[PDB]
$ cat entry09.csv   # CSV, C-alpha atoms
chain,number,residue,atom,x,y,z
A,652,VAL,CA,-42.8,-20.2,-112.0
A,653,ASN,CA,-44.2,-21.7,-108.8
A,654,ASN,CA,-46.9,-24.2,-107.9
A,655,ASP,CA,-48.9,-21.6,-106.0
A,656,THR,CA,-48.9,-19.4,-109.1
A,657,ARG,CA,-49.8,-21.7,-111.9
A,658,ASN,CA,-51.0,-25.4,-112.3
A,659,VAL,CA,-50.2,-26.0,-115.9
A,660,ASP,CA,-47.8,-28.9,-115.2
A,661,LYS,CA,-48.8,-31.7,-112.8
A,662,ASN,CA,-45.2,-32.3,-111.9
A,663,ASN,CA,-42.1,-30.4,-113.0
A,664,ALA,CA,-39.2,-31.6,-110.7
A,665,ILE,CA,-37.1,-34.8,-110.9
A,666,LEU,CA,-34.4,-34.9,-108.2
A,667,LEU,CA,-31.1,-36.4,-109.3
A,668,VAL,CA,-28.5,-35.3,-106.7
A,669,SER,CA,-29.2,-34.1,-103.2
A,670,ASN,CA,-26.6,-32.3,-101.1
A,671,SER,CA,-23.6,-34.2,-102.5
A,672,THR,CA,-20.4,-33.3,-100.7
A,673,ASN,CA,-18.3,-34.0,-103.9
A,674,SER,CA,-18.5,-31.7,-106.9
A,675,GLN,CA,-17.1,-34.6,-109.0
A,676,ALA,CA,-19.4,-37.6,-109.1
A,677,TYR,CA,-20.4,-40.3,-111.6
A,678,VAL,CA,-23.5,-41.8,-110.0
A,679,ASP,CA,-26.0,-44.4,-111.3
A,680,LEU,CA,-29.4,-42.9,-111.8
A,681,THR,CA,-32.2,-44.7,-110.0
A,682,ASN,CA,-35.1,-46.4,-111.8
A,683,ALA,CA,-37.3,-43.6,-110.5
A,684,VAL,CA,-35.7,-41.1,-112.9
A,685,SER,CA,-36.2,-43.4,-115.8
A,686,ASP,CA,-39.8,-43.9,-114.8
A,687,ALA,CA,-40.4,-40.2,-114.4
A,688,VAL,CA,-38.9,-39.5,-117.9
A,689,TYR,CA,-41.7,-41.7,-119.4
A,690,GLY,CA,-44.1,-41.0,-116.6
A,691,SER,CA,-46.0,-38.2,-118.3
A,692,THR,CA,-48.9,-38.8,-120.8
A,693,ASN,CA,-48.5,-35.5,-122.5
A,694,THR,CA,-46.6,-35.1,-125.8
A,695,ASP,CA,-42.9,-35.4,-125.3
A,696,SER,CA,-42.2,-32.7,-128.0
A,697,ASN,CA,-44.6,-30.2,-126.3
A,698,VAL,CA,-42.7,-30.2,-123.0
A,699,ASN,CA,-39.2,-28.7,-122.5
A,700,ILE,CA,-36.5,-29.8,-120.1
A,701,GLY,CA,-34.6,-27.7,-117.5
A,702,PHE,CA,-31.7,-28.3,-115.2
A,703,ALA,CA,-31.7,-26.9,-111.6
A,704,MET,CA,-28.9,-26.3,-109.1
A,705,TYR,CA,-28.9,-25.7,-105.4
A,706,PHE,CA,-25.7,-25.2,-103.4
A,707,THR,CA,-24.2,-23.5,-100.4
A,708,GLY,CA,-20.8,-21.8,-99.8
A,709,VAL,CA,-20.5,-20.2,-103.2
A,710,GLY,CA,-20.5,-16.6,-102.1
A,711,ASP,CA,-17.9,-15.7,-104.6
A,712,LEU,CA,-18.0,-16.1,-108.4
A,713,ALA,CA,-15.0,-15.8,-110.7
A,714,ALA,CA,-15.0,-14.2,-114.2
A,715,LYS,CA,-15.4,-17.5,-115.9
A,716,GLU,CA,-17.2,-20.6,-114.6
A,717,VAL,CA,-17.5,-24.0,-116.2
A,718,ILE,CA,-20.5,-26.4,-116.0
A,719,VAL,CA,-20.2,-30.0,-117.4
A,720,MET,CA,-23.0,-32.5,-116.8
A,721,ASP,CA,-24.1,-35.0,-119.4
A,722,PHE,CA,-26.2,-38.2,-119.6
A,723,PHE,CA,-24.9,-41.7,-120.2
B,290,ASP,CA,6.5,-34.2,-88.5
B,291,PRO,CA,10.3,-34.3,-89.3
B,292,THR,CA,11.3,-35.2,-85.7
B,293,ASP,CA,8.8,-37.9,-84.6
B,294,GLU,CA,7.0,-40.8,-86.2
B,295,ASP,CA,3.6,-39.9,-87.7
B,296,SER,CA,0.5,-42.1,-87.3
B,297,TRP,CA,-2.4,-41.9,-89.8
B,298,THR,CA,-5.8,-43.5,-89.2
B,299,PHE,CA,-8.0,-44.0,-92.2
B,300,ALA,CA,-11.6,-44.8,-93.2
B,301,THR,CA,-11.1,-47.1,-96.1
B,302,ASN,CA,-14.5,-48.8,-96.4
B,303,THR,CA,-15.5,-47.9,-99.9
B,304,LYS,CA,-18.9,-49.8,-99.9
B,305,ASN,CA,-20.3,-48.1,-96.8
B,306,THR,CA,-23.1,-46.6,-98.8
B,307,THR,CA,-24.4,-44.5,-95.9
B,308,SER,CA,-25.1,-41.0,-97.2
B,309,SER,CA,-23.5,-39.2,-94.2
B,310,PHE,CA,-20.3,-41.3,-94.4
B,311,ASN,CA,-17.4,-40.3,-96.6
B,312,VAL,CA,-13.8,-41.6,-97.1
B,313,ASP,CA,-11.5,-39.5,-94.9
B,314,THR,CA,-7.9,-39.3,-93.7
B,315,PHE,CA,-6.9,-38.4,-90.1
B,316,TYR,CA,-3.7,-37.3,-88.5
B,317,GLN,CA,-2.2,-38.6,-85.2
B,318,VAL,CA,-5.4,-40.3,-83.9
B,319,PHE,CA,-3.1,-42.6,-82.0
B,320,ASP,CA,0.3,-41.9,-80.4
B,321,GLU,CA,3.3,-43.6,-82.1
B,322,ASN,CA,3.7,-45.8,-79.0
B,323,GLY,CA,0.1,-47.1,-79.3
B,324,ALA,CA,-1.6,-44.7,-76.9
B,325,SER,CA,-4.2,-42.0,-77.8
B,326,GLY,CA,-2.6,-39.2,-79.9
B,327,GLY,CA,-5.5,-36.8,-79.8
B,328,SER,CA,-8.9,-36.3,-81.4
B,329,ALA,CA,-9.7,-37.2,-85.1
B,330,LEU,CA,-10.5,-34.3,-87.5
B,331,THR,CA,-11.7,-34.2,-91.1
B,332,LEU,CA,-9.2,-33.7,-93.8
B,333,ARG,CA,-10.9,-34.9,-97.0
B,334,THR,CA,-12.4,-31.4,-97.7
B,335,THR,CA,-8.8,-30.2,-97.5
B,336,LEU,CA,-6.6,-32.7,-99.3
B,337,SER,CA,-7.4,-31.0,-102.6
B,338,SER,CA,-5.8,-27.8,-101.2
B,339,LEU,CA,-2.7,-29.6,-99.8
B,340,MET,CA,-1.1,-30.6,-103.2
B,341,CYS,CA,-2.3,-34.2,-103.0
B,342,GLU,CA,-2.5,-35.3,-106.6
B,343,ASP,CA,-4.7,-38.3,-105.8
B,344,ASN,CA,-1.9,-39.6,-103.4
B,345,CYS,CA,-3.4,-39.0,-99.9
B,346,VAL,CA,-6.5,-41.3,-99.8
B,347,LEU,CA,-6.6,-45.1,-99.1
B,348,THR,CA,-9.7,-47.1,-100.1
B,349,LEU,CA,-10.2,-50.7,-99.3
B,350,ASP,CA,-12.7,-53.2,-100.7
B,351,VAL,CA,-12.6,-56.5,-98.9
B,352,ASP,CA,-14.7,-58.5,-101.4
B,353,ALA,CA,-14.3,-57.5,-105.0
B,354,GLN,CA,-17.0,-60.1,-106.0
B,355,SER,CA,-19.5,-59.5,-103.1
B,356,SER,CA,-19.6,-63.3,-102.4
B,357,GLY,CA,-20.6,-62.7,-98.8
B,358,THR,CA,-17.2,-63.8,-97.5
B,359,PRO,CA,-14.9,-60.8,-96.9
B,360,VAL,CA,-11.3,-61.8,-97.7
B,361,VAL,CA,-9.5,-59.2,-95.5
B,362,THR,CA,-10.3,-58.3,-91.9

$ encode --input "entry09.csv" --output "structure tokens"
Amino acid sequence: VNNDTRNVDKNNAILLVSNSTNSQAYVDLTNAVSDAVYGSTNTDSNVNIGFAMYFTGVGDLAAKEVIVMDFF
Amino acid sequence: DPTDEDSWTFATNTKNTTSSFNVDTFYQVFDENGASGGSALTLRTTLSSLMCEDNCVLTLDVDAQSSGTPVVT
């Protein structure tokens, strides 16, 4: 959905990586991410989590693609 | 180059945390005799496609303890 469409959630985006030139990276998350994780007063079980991707130069997709991104 | 000496100019500063800066390798920036050997061009976005199994990048960290006194200049 979009902000201009619905206003159910006050905030729904937490940026982690912005225009990194390396597809392989093991970066230390800033304190802002940790604060935003606990920054909502709503019930934690009543809110789902989603992961977003934005990239360029990917105008070709193979039969199989692999995505590996975990939390430490 | 099999006939002449090859000069490679690097960017080894690992702690330069500027977002727009990235460790890169350059070919024939300076002529083998010390003169200018041509312009410097990016290769880091290429070294994966040139069979470099982690053997084409040099990274330097002058102070491993960040004591404010760089060991190597």

$ interface_residues --input "entry09.csv" --of "chain B" --to "chain A" --cutoff "12 Å" --atoms "all atoms listed in the file" --output "number ranges by chain"
B: 308-312, 333-334, 337

$ residues_around --input "entry09.csv" --residues "residue 348 (chain B)" --least-positions-apart "5" --cutoff "10 Å" --atoms "all atoms listed in the file" --output "list in words"
residues 299, 300, 301, 302, 303, 304, 312 and 313 of chain B

$ residues_around --input "entry09.csv" --residues "region 686-695 of chain A" --least-positions-apart "4" --cutoff "9 Å" --atoms "all atoms listed in the file" --output "list in words"
residues 661, 662, 665, 682 and 699 of chain A

$ write_last_selection --input "entry09.csv" --atoms "C-alpha atoms" --output "mmCIF file, in the frame of the given file"
data_model
loop_
_atom_site.group_PDB
_atom_site.id
_atom_site.type_symbol
_atom_site.label_atom_id
_atom_site.label_comp_id
_atom_site.auth_asym_id
_atom_site.auth_seq_id
_atom_site.Cartn_x
_atom_site.Cartn_y
_atom_site.Cartn_z
ATOM 1 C CA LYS A 661 -48.800 -31.700 -112.800
ATOM 2 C CA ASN A 662 -45.200 -32.300 -111.900
ATOM 3 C CA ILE A 665 -37.100 -34.800 -110.900
ATOM 4 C CA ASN A 682 -35.100 -46.400 -111.800
ATOM 5 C CA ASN A 699 -39.200 -28.700 -122.500
#

$ residues_around --input "entry09.csv" --residues "residue 669 (chain A)" --least-positions-apart "2" --cutoff "10 Å" --atoms "only C-alpha atoms" --output "list in words"
residues 666, 667, 671, 672, 704, 705 and 706 of chain A

$ closest_residue --input "entry09.csv" --among "B:353, B:347, B:361, B:329" --to "residue 315 (chain B)" --atoms "all atoms listed in the file"
B:329

$ closest_residue --input "entry09.csv" --among "A:709, A:698, A:720, A:703" --to "residue 659 (chain A)" --atoms "only C-alpha atoms"
A:698
